[PDB]
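One chain comes next, on its own, written as C-alpha cells: the form deposited in one PDB entry.
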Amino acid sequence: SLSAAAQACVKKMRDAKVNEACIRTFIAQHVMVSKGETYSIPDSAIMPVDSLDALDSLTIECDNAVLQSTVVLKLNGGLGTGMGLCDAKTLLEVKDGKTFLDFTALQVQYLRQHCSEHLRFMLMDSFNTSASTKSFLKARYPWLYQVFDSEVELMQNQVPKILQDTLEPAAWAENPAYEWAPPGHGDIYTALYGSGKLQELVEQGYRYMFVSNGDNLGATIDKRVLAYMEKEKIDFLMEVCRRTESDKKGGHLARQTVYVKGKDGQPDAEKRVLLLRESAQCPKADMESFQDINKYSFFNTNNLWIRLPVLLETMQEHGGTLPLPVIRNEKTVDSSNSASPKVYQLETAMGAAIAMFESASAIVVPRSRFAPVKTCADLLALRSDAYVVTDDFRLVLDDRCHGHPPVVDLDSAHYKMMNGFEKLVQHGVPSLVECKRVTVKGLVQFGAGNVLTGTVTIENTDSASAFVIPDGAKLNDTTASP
C-alpha cells in the first residue's frame, strides 16, 4: 500500500536503527505529502479567538502534591542560524557573563532549595547540540552532569530529508550526516514516547509537564496554572500573550467550530476547537492576515502544560503516535551549497498538539513570562538594564517598563549576525529601561555609558565609516546623525 519512496525511507530508517515510534510518525507524514495537501492553514479555514481566561485574575494555588508531580523540560535542540550561530543558542551570554544555560540551571537549583526538593528537570537536545551542552554542564554544574545521560537529556530524533522530485531519501556523499535533520520541536512527543521516558514518568507518579523554549528565561512553574488545570480538568494548556509588533517569528492562536448533535433530548451545541497556525503554515498570499496583530492578537509563547497520563493514553490509542500537522520545509541538503539536491524537511510544532485533546485550552499570560531571543535585537534588550534578574533567577522586565518591552529595530544589513551585533555594543550596552523605541540605521557603534530615553533614532546615511556615539551621550526623543 506504501509508495516505493515511502518504503525506501522505512528501509533507511530501519537500517539506521531509528526507533519505530519515529518511523511510524514519519511515514504518516510522508504519505500525506505524497497524496497532495501540504497542511496549509488559509484564512478562510479559521476564525479569530475572542475570549480567554487570564492568569493575572487567578489566585488559587495548587497543593504540594500537585506541584511535586510536575516535570520541567526545556527545549534545546535547535540552532541560532538566523543570528549567525552554529551551536546551541543557549550558550550565548545573556547577562553578567552568564548564558541561558547558566540561568536555567540556577532556576532549577532554586526550585530545589525553596519549593520542590526533588524537582525533575529535563533538556531536549539534538545531534547538533548534545555535545556542547554536556561539556558545558560538566565544568559548571556537576550535579546536573552526574545524571545528565540517565535523567536530564532527552535526545530527539533525526529523520531523513527527502528529495523533492521523487520523495526518496536524499544522498549527499560529501557529508551523509546532512541527509538527516531533527524534525522540529513537535518531535518532543515522539521522542518521549519512543524512548520509554513518557511511560517511565507516568510510572513514577508524574502527572504534569511544563515545557518552554530554551531562549525564554521568563518561563517557570506557576502554581496558579496547575490549580486551573486541576479545577477545569484541562489536559493541555497553551500560554499566550497579547501580540505586539515585535512578535514576528512564531505562531498565533486561532479557532474553528464543530457541531455536535450531543445525545437526543438535548439539542446540538456549537463547540469551539483551538488550533495553532505557525508562520510556515500560512500561504504567502494570506500573509497579510497572519501579521495582523488585531485580528489574531494571541501569540503562542510555547509555554505549554501537558497532563502526562492523558498524552500517553491518546498516543497509544493512535497507533503509538501523535498525528500533528506537518510543516513541509524546502531546503538544499547542504545549506551552504545552493547547488546541492533540493529537498523537503518534514517538521512539526509542539504547540499544534492543542488540537489533539478534547479538553485543550489557552490562557493569557503577562509579558513577564515571555522574554524571547529570536534576533540580535532581542539580545540587545535582554543584555540591557531593561531586564533584571529575579530572586529565583528569571529574566523579567524592570518594573519601570510596566510590562512593555522596549522596541528595538536594528538594521538587518549590519546587525542580524552576532559578529555585527558585537560591534554595535563593543564599548558598552546602552541604558534602555527608559527607552520606548530605539531604531538603528546604517553602521553605528554605541559609546560607553549611553542612555536612551523615549523614542530614539540613530541614523548614518553613508555607511562607510561607523557613527560612533560619544561616551556618556544621553539621547531623549530625537534622531542622531553625523
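Heads up: residue numbers just count along the shown sequence, starting at 1.
Below: the form solved in complex with a small molecule, not depicted.
*Asks:* Sort through 264-272, 364-372, 305-313, 139-147 and report the only stretch with a non-hydrogen atom within 4.5 Å of the small molecule in the bound PDB entry.
*Replies:* Stretch 364-372 is the one.
*Asks:* Mark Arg400 yes when one of its heavy atoms lies within 4.5 Å of a heavy atom of the small molecule in the bound PDB entry, and no otherwise.
*Replies:* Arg400: no contact with the small molecule in the bound PDB entry.
*Asks:* Could you tell me if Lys342 has a non-hydrogen atom within 4.5 Å of the small molecule in the bound PDB entry?
*Replies:* Answer no; every heavy atom of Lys342 is more than 4.5 Å from the small molecule in the bound PDB entry.
*Asks:* Does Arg242 reach the small molecule in the bound PDB entry if we count a contact as any heavy atom within 4.5 Å?
*Replies:* Contact check for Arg242: yes, within 4.5 Å of the small molecule in the bound PDB entry.
*Asks:* Answer with yes or no whether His404 is in contact with the small molecule in the bound PDB entry, where contact means some heavy atom within 4.5 Å.
*Replies:* Output for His404 is yes: heavy atoms within 4.5 Å of the small molecule.
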